[PDB]
Amino acid sequence: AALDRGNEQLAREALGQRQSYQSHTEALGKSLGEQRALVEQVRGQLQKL
Amino acid sequence: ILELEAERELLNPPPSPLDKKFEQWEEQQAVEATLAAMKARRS
Amino acid sequence: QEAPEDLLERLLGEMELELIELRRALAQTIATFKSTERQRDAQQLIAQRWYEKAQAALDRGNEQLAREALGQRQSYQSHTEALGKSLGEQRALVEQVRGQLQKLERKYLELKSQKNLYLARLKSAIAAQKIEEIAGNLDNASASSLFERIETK
Amino acid sequence: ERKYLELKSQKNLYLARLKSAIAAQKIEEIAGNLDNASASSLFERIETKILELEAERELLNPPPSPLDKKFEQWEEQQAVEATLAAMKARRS
Ligand SMILES: Nc1ncnc2c1ncn2[C@@H]1O[C@H](COP(=O)(O)OP(=O)(O)O)[C@@H](O)[C@H]1O
Ligand SMILES: Nc1ncnc2c1ncn2[C@@H]1O[C@H](COP(=O)(O)OP(=O)(O)O)[C@@H](O)[C@H]1O
């Protein structure tokens, strides 16, 4: 709804603004894929001992 | 100060200009795809 | 001459100290390179001021002052050109040196990727050879074997 | 004074090129080319050191003759066959 008045310029700034946050979200998303599987393996060790 | 600036740079080289040139190339469609789709999302 | 296996570890550790020192020395050189570049720009700024200063210097009609200002800058113009060329040779040279360092670092770790392996094969043989002196073959019945030297005792 | 600093603007550079070569030349004595197979390379000087002990320990306790190994397999031939042959006759 930013440019509903016809000010298409504001749209690029908002979209350019989010790409900074989009990169961060993807960075954490992948980082939480590796750690999720690793600890579960560790939990097996404790239950074994 | 300048010594430490380059010394830290060698220990972890920065990305090549091609990487930055392509990184902007990839970002070009990211905004355009959203911006182009934005016109097609409300029309 | 000492034990060759000890030589490798001592020699390899010495090189690693040398390599990092090369990293430091290059860092200082690339800094002065930067400092000289900045110093070059400052000089032309003053000469730029004199030339701009000379533009309005004679607006009253005193053309004489113009020559002094222009004659003044030529001293700075010569210096700027002297540094400009001097920074053309050095700029390309160090970049070649940087290639050497990147080459050694990549190859250096390859040697260390193997040194631990050779130290293992060596000690397996040494310990194994140590066996033949204490027991060897039970039927040896020779002096070398420790048991036989005890059996006769 | 003007000229003095010019020399110091370069001295740090030459000290860098010098140490790159010296360290690089130090490489050819430890590893060089893996196929060198020469005394100079440290690895080869270590590679033979192991091989020496291999044969030296062999002479001090000679290995079994090929006939012994040939017969040792001959004896093992019936050990499995006698059990394997008997296995068919143990369940039939
Ligand atoms: N099957 C065997 N293998 C090795 N040595 C044997 C065997 N049977 C008897 N011997 C005797 O054991 C000795 C082993 O020699 P060794 O102890 O190596 O000599 P040294 O005392 O110089 O070390 C030989 O002199 C040999 O006569
Ligand atoms: N591709 C190769 N490059 C260099 N040396 C090789 C190569 N292939 C085999 N060699 C052998 O490695 C040796 C390297 O010589 P080098 O170790 O420099 O002699 P030195 O022991 O006097 O230093 C040569 O004698 C050569 O026979």
# chains A, B, ... in the order shown; residues from 1 in each chain; ligands from 1
>>> closest_atom_pairs(of="chain C", to="chain D", cutoff="6 Å", atoms="only C-alpha atoms", output="Markdown table")
| residue | atom | partner | partner_atom | distance |
| --- | --- | --- | --- | --- |
| C:25 | CA | D:16 | CA | 5.9 |
| C:26 | CA | D:16 | CA | 5.9 |
| C:29 | CA | D:13 | CA | 5.4 |
| C:122 | CA | D:50 | CA | 5.9 |
| C:129 | CA | D:57 | CA | 5.6 |
>>> residues_near_ligand(ligand="ligand 2", cutoff="7 Å", atoms="only C-alpha atoms and all ligand atoms", output="MDAnalysis selection string")
chainID D and resid 33 35:41
>>> residues_near_ligand(ligand="ligand 1", cutoff="12 Å", atoms="only C-alpha atoms and all ligand atoms", output="PyMOL selection string")
(chain C and resi 129-149) or (chain D and resi 56-65+68)
>>> interface_residues(of="chain C", to="chain B", cutoff="10 Å", atoms="only C-alpha atoms", output="list in words")
residues 23, 24, 25, 26, 27, 28, 29, 30, 31, 32, 34, 35, 98, 101 and 102 of chain C
>>> residues_around(residues="region 33-40 of chain B", least_positions_apart="4", cutoff="12 Å", atoms="only C-alpha atoms", output="PyMOL selection string")
(chain A and resi 1-4+6+8-16+18-19) or (chain B and resi 26-29)
>>> write_last_selection(atoms="C-alpha atoms", output="compact mmCIF listing (two decimals), in the first residue's frame")
# COMPACT_ATOMS: atom_id res chain seq x y z
CA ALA A 1 0.00 0.00 0.00
CA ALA A 2 3.02 2.33 0.03
CA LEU A 3 2.59 3.48 -3.58
CA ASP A 4 -1.21 3.32 -3.76
CA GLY A 6 1.07 6.42 -7.33
CA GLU A 8 6.22 4.09 -7.14
CA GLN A 9 9.55 5.45 -5.87
CA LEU A 10 8.80 4.52 -2.26
CA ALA A 11 8.31 0.89 -3.30
CA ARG A 12 11.96 0.37 -4.25
CA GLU A 13 13.21 1.77 -0.94
CA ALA A 14 10.95 -0.56 1.04
CA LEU A 15 11.94 -3.56 -1.08
CA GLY A 16 15.59 -2.55 -0.97
CA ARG A 18 13.94 -5.75 3.31
CA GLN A 19 16.70 -7.42 1.29
CA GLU B 26 21.95 -11.41 -8.65
CA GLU B 27 20.48 -8.57 -6.58
CA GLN B 28 19.36 -6.92 -9.83
CA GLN B 29 16.61 -9.48 -10.45
>>> residues_around(residues="residue 72 (chain C)", least_positions_apart="4", cutoff="8 Å", atoms="only C-alpha atoms", output="MDAnalysis selection string")
chainID C and resid 50 68 76
>>> write_last_selection(atoms="N, CA and C atoms", output="mmCIF file, in the first residue's frame")
data_model
loop_
_atom_site.group_PDB
_atom_site.id
_atom_site.type_symbol
_atom_site.label_atom_id
_atom_site.label_comp_id
_atom_site.auth_asym_id
_atom_site.auth_seq_id
_atom_site.Cartn_x
_atom_site.Cartn_y
_atom_site.Cartn_z
ATOM 1 N N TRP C 50 47.714 27.299 -5.722
ATOM 2 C CA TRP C 50 48.508 28.355 -6.342
ATOM 3 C C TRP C 50 47.988 28.688 -7.734
ATOM 4 N N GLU C 68 55.251 34.732 -10.802
ATOM 5 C CA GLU C 68 55.789 34.216 -9.548
ATOM 6 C C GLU C 68 54.976 33.026 -9.057
ATOM 7 N N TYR C 76 56.562 22.353 -7.297
ATOM 8 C CA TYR C 76 55.677 21.299 -6.813
ATOM 9 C C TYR C 76 55.243 20.370 -7.939
#
>>> residues_around(residues="residue 86 (chain C)", least_positions_apart="3", cutoff="12 Å", atoms="only C-alpha atoms", output="tab-separated table (two decimals) with N, CA and C atoms, in the first residue's frame")
chain	number	residue	atom	x	y	z
C	33	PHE	N	53.32	2.52	0.90
C	33	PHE	CA	52.76	2.69	-0.43
C	33	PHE	C	51.49	3.53	-0.38
C	36	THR	N	52.43	7.24	0.80
C	36	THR	CA	53.00	8.04	-0.28
C	36	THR	C	51.92	8.48	-1.25
C	37	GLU	N	50.95	7.61	-1.53
C	37	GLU	CA	49.84	7.98	-2.41
C	37	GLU	C	49.09	9.18	-1.84
C	40	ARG	N	51.15	12.35	-2.10
C	40	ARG	CA	51.17	12.87	-3.46
C	40	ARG	C	49.98	13.79	-3.71
C	79	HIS	N	57.84	17.63	-8.35
C	79	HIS	CA	57.79	16.64	-7.29
C	79	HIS	C	56.63	15.68	-7.48
C	80	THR	N	55.46	16.20	-7.87
C	80	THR	CA	54.30	15.34	-8.07
C	80	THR	C	54.56	14.31	-9.16
C	81	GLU	N	55.15	14.74	-10.28
C	81	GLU	CA	55.47	13.80	-11.35
C	81	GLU	C	56.50	12.77	-10.89
C	82	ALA	N	57.47	13.20	-10.08
C	82	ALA	CA	58.48	12.27	-9.59
C	82	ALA	C	57.85	11.15	-8.77
C	83	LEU	N	56.91	11.49	-7.89
C	83	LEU	CA	56.24	10.47	-7.09
C	83	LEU	C	55.25	9.67	-7.93
C	89	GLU	N	55.87	1.90	-10.64
C	89	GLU	CA	56.72	0.72	-10.57
C	89	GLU	C	56.39	-0.12	-9.34
C	90	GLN	N	56.26	0.52	-8.18
C	90	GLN	CA	56.02	-0.22	-6.94
C	90	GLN	C	54.65	-0.87	-6.93
C	91	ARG	N	53.65	-0.25	-7.56
C	91	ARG	CA	52.30	-0.79	-7.50
C	91	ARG	C	52.24	-2.19	-8.11
C	92	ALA	N	52.90	-2.39	-9.25
C	92	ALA	CA	52.88	-3.69	-9.91
C	92	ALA	C	53.79	-4.70	-9.22
C	93	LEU	N	54.88	-4.24	-8.60
C	93	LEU	CA	55.88	-5.16	-8.07
C	93	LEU	C	55.34	-5.95	-6.88
D	6	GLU	N	63.03	9.43	0.80
D	6	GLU	CA	62.77	8.65	-0.41
D	6	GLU	C	63.40	7.27	-0.31
D	7	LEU	N	64.64	7.20	0.18
D	7	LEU	CA	65.28	5.90	0.35
D	7	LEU	C	64.51	5.03	1.33
D	9	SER	N	61.46	5.19	1.89
D	9	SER	CA	60.18	4.82	1.28
D	9	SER	C	60.29	3.51	0.52
D	10	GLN	N	61.52	3.06	0.23
D	10	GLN	CA	61.75	1.84	-0.54
D	10	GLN	C	62.34	0.70	0.27
>>> select_by_dssp(residues="chain D", states="alpha helix (DSSP H)", output="PyMOL selection string")
chain D and resi 2-30+42-60+66-90
>>> atom_distance(atom1="CA of residue 11 (chain C)", atom2="CA of residue 114 (chain C)")
14.8 Å
